[PDB]
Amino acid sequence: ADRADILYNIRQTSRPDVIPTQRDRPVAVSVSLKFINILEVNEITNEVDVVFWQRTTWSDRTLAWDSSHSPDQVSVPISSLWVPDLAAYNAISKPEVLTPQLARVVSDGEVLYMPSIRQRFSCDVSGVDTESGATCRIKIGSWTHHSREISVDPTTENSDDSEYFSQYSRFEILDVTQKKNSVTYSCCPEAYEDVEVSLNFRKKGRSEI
């Protein structure tokens, strides 16, 4: 079959509001952040505008097909498949999606979605104009799916932090580290996993002593 088939058959088996739990185990969702820009820093309100590619991967076997005589990958609108309800806990604005909202689907069910998002956060901005720089931490995890339904882990990949960071930004990234956590709230006895991304950055062109 061709691509027109693959989409047709995907539109059938897929249920965008039904999380693809396999057997009985959380859907493993990987979240890796690639910072592109730092636009508005306010050391007085501790708020920063950030631009980043949120690489998100997970598997949905209800999507898998045979790619022997058909493409191994196709681009699909995210409104046509289940997507993790991730949220940035310390975000103070809705996530502004800058790119077309298409996901990449492989015939084995692996799914990739990597939007470029622009968002404002509440975090530690103090130190931004100092050698050590400021460290702003961003918490991302599912909003309604606890640890047994969704587990989030930082796609561990020793990659250059400023690999895609605009060379024209007033800031420079000193260092980015992705960590995994687990919070239990009052509503429920089960834990909610998340990933803390600590972005260490500072202003460029500071005077030397």
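From 1 onward, residues are counted along the sequence shown.
Note on 68-76 vs 134-142: mean CA B-factor is higher in 68-76. If you average the C-alpha B-factors over 105-113 and over 80-88, the higher value belongs to 105-113. In this structure the maximum Cα B-factor among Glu47, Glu157, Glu172, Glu149 is found at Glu157. Among the modelled residues of its chain, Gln167 has a C-alpha B-factor that falls in the middle third, as given in the PDB entry. Placement of the Cα temperature factor of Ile36 within the chain: lowest third of the modelled residues, per the deposited record. Ranked against the other modelled residues of its chain, the C-alpha B-factor of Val18 as given in the entry falls in the middle third. When the modelled residues of the chain are ordered by C-alpha B-factor, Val183 sits in the highest third.
Ranked by Cα temperature factor within the chain, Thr62 sits in the highest third according to the deposited record.
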